[PDB]
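Top to bottom, those sequences are chains X and A. Take the first sequence: its letters are residues 1 to 214, numbered as in my numbering. Take the second sequence: its letters are residues 1 to 221, numbered as in my numbering. Okay, structure first, notes after.
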Amino acid sequence: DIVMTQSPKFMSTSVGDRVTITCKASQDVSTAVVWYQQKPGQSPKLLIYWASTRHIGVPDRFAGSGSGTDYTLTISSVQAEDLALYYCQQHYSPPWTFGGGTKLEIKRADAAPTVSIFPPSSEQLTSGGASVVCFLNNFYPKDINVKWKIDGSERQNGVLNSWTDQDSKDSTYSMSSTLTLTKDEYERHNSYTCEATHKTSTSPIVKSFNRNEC
Amino acid sequence: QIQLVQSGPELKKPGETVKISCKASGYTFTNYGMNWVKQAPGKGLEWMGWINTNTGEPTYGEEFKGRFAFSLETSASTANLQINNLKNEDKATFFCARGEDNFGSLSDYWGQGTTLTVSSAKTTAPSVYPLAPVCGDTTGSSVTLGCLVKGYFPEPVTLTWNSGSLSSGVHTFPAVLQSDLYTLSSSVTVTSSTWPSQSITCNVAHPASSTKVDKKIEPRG
Numbered sequence: 001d002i003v004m005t006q007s008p009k010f011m012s013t014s015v016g017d018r019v020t021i022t023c024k025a026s027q028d029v030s031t032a033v034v035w036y037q038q039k040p041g042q043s044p045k046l047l048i049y050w051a052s053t054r055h056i057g058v059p060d061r062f063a064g065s066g067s068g069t070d071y072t073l074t075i076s077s078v079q080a081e082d083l084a085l086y087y088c089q090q091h092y093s094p095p096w097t098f099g100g101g102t103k104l105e106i107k108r109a110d111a112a113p114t115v116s117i118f119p120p121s122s123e124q125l126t127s128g129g130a131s132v133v134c135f136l137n138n139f140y141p142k143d144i145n146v147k148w149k150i151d152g153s154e155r156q157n158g159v160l161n162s163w164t165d166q167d168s169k170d171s172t173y174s175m176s177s178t179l180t181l182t183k184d185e186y187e188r189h190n191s192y193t194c195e196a197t198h199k200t201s202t203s204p205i206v207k208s209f210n211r212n213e214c
Numbered sequence: 001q002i003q004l005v006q007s008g009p010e011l012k013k014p015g016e017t018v019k020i021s022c023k024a025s026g027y028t029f030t031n032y033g034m035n036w037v038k039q040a041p042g043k044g045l046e047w048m049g050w051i052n053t054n055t056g057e058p059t060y061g062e063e064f065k066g067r068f069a070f071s072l073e074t075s076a077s078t079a080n081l082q083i084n085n086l087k088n089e090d091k092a093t094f095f096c097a098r099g100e101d102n103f104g105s106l107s108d109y110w111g112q113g114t115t116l117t118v119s120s121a122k123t124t125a126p127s128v129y130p131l132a133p134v135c136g137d138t139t140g141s142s143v144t145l146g147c148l149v150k151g152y153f154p155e156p157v158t159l160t161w162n163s164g165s166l167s168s169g170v171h172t173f174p175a176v177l178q179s180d181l182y183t184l185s186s187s188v189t190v191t192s193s194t195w196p197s198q199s200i201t202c203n204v205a206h207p208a209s210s211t212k213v214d215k216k217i218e219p220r221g
């Protein structure tokens, strides 16, 4: 079997610039290289076949290339919707072998999180469980650490952490930190905090609650 | 133009057999064989094989000759893949995609993907909560309010805010399996004029249980 090797695995380029994705086979595959693009939560679209010929309607920004065992796919004037997983399939001999993909991330300006801590719902409290939900929306860079602090004591157990993929309109990410707790445990305490540390600061972004009117 | 719709995603417990249907449209079935591909979650794309939609005879990949069986109902232009004795390691999204040429060296036009979760876990309906804030104006004249869909099986659930009308401002975070069940959440940010004045709602459908839920995020503060 022919073996397509894709390295690197992640690529970041800014909007309007160039990126290039490198693919390589384990023997001269005589230019029989196809490139698919898999848009997040979509099927692949065939962009190029025979290393450089575009399929019907992939706009000329995408420039296939290469020879022998070394091929590359260039994209220019990179669009915030160019975010996808790019794969090379080879098409010379059976079986048709793919590559590992390369995620093309869009480098953006830094943006700081919009943090929302939410109390347990009365109805969840009725069921004997509490969940505090911290939302951290629209930050850039990617990396933000969130810690929970129940009455000054760092909670480090009981938290599920979900991140949105990169947004293809404003190129940002968003996180959902959920502390799931017991009614009786919720009521043993009172200060609950979602404290977050992202590049846009020094002094932690810190949101905290307990029920009072407004 | 060319459209290939696949079956709805299935839950099967280890050992069963599953026939995924790919009903092809737009082109002439008889002139273009079918490719079946495997998108594992942590692995990327795998050619499973191809079926001559003309002669009916299939070429399997090595990783698949033996529990997978391609077949087709040409009469309805449907190509079907079946997996016998489901080993949980068949957890993936199998794609049907058109073989542009003989043998499938180019899959132009792919189908939507059918997801397969091979689990012994019980189908569990979700419990939905409206996550109102302890007030807290979330940035300039915007209030963000949420909805938490908790403890169900299996994926998916269809969360929409306000019957689709609240499309901007929404972030639905990926569902995560805490061992036996799933937790989901989305936020939506609206201007203060809009809420609590207009009626914000979370509509959540978990079709596995046959569940349709509608939660008003009414101001509880």
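A virtual CB, placed ideally from N, CA and C, is assigned to each residue, including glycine.
How long is the line joining the alpha carbons of residue i and residue j, rounded to whole angstroms?
| i | j | result |
| --- | --- | --- |
| residue 190 of chain X | residue 152 of chain A | 29 Å |
| residue 3 of chain A | residue 122 of chain X | 47 Å |
| residue 141 of chain A | residue 56 of chain X | 46 Å |
| residue 124 of chain X | residue 181 of chain X | 10 Å |
| residue 90 of chain A | residue 116 of chain A | 7 Å |
| residue 81 of chain A | residue 196 of chain X | 47 Å |
| residue 187 of chain A | residue 6 of chain X | 36 Å |
| residue 111 of chain X | residue 200 of chain X | 7 Å |
| residue 218 of chain X | residue 62 of chain A | Within the shown structure, residues of chain X are numbered from 1 to 214, placing residue 218 of chain X beyond reach of any answer. |
| residue 105 of chain A | residue 185 of chain A | 41 Å |
| residue 60 of chain X | residue 74 of chain X | 10 Å |
| residue 124 of chain A | residue 40 of chain X | 27 Å |
| residue 80 of chain X | residue 15 of chain X | 6 Å |
| residue 59 of chain A | residue 11 of chain A | 27 Å |
Under 8 Å between C-beta atoms, does residue i make it to chain B?
| i | result |
| --- | --- |
| residue 8 of chain A | No chain B is present in this structure, whose protein chains are X and A. |
Are the Cβ atoms of residue i and residue j separated by less than 8 Å?
| i | j | result |
| --- | --- | --- |
| residue 133 of chain X | residue 169 of chain A | no |
| residue 143 of chain A | residue 137 of chain A | yes |
| residue 208 of chain X | residue 178 of chain X | no |
| residue 192 of chain X | residue 117 of chain X | yes |
| residue 220 of chain X | residue 72 of chain X | It is not possible to answer for residue 220 of chain X, since the shown part of chain X is limited to 1 through 214. |
| residue 58 of chain X | residue 19 of chain X | no |
| residue 53 of chain A | residue 68 of chain A | no |
| residue 222 of chain A | residue 176 of chain A | A query on residue 222 of chain A cannot be resolved here, the shown segment of chain A reaching from 1 to 221 and no further. |
| residue 23 of chain A | residue 77 of chain A | yes |
| residue 99 of chain A | residue 33 of chain A | yes |
| residue 149 of chain A | residue 190 of chain A | no |
| residue 214 of chain X | residue 202 of chain A | no |
Assuming residue i and residue j form a contact by the criterion Cβ under 8 Å, report the distance between their Cβ atoms to the nearest whole angstrom.
| i | j | result |
| --- | --- | --- |
| residue 86 of chain A | residue 155 of chain A | Incorrect: roughly 17 Å between the Cβ atoms, too far for contact. |
| residue 43 of chain X | residue 113 of chain A | 6 Å |
| residue 118 of chain A | residue 14 of chain A | 6 Å |
| residue 49 of chain A | residue 70 of chain A | 6 Å |
| residue 221 of chain A | residue 132 of chain A | 6 Å |
| residue 173 of chain A | residue 176 of chain X | 4 Å |
| residue 113 of chain X | residue 205 of chain X | 6 Å |
In the structure shown, what three-state DSSP assignment does residue i receive?
| i | result |
| --- | --- |
| residue 124 of chain X | helix |
| residue 49 of chain A | strand |
| residue 17 of chain A | coil |
| residue 36 of chain X | strand |
| residue 162 of chain A | helix |
| residue 184 of chain X | helix |
| residue 94 of chain A | strand |
| residue 98 of chain X | coil |
| residue 74 of chain X | strand |
| residue 157 of chain X | coil |
| residue 30 of chain A | helix |
| residue 75 of chain A | helix |
| residue 195 of chain X | strand |
| residue 88 of chain A | helix |
| residue 62 of chain A | helix |
Exercise. Are three or more beta carbon pairs between the region 137–152 of chain X and the region 94–102 of chain X nearer than 8 Å?
Worked result: Result no; under three Cβ-Cβ pairs closer than 8 Å.
For this session: May I ask you to verify whether the region 36–46 of chain A touches the region 91–107 of chain A, counting CB pairs closer than 8 Å and requiring at least 3?
Result: Contact between the region 36–46 of chain A and the region 91–107 of chain A is present, because at least three Cβ pairs lie under 8 Å.
For this session: Count the CB pairs spanning the region 33–51 of chain X and the region 106–115 of chain X that are closer than 8 Å, and state whether there are at least three.
Result: no
Exercise. Does the count of Cβ pairs from the region 16–27 of chain X and the region 83–99 of chain X closer than 8 Å reach three?
Worked result: yes
Problem set entry | Any 3 or more C-beta pairs closer than 8 Å across the region 153–167 of chain X and the region 63–72 of chain X | no
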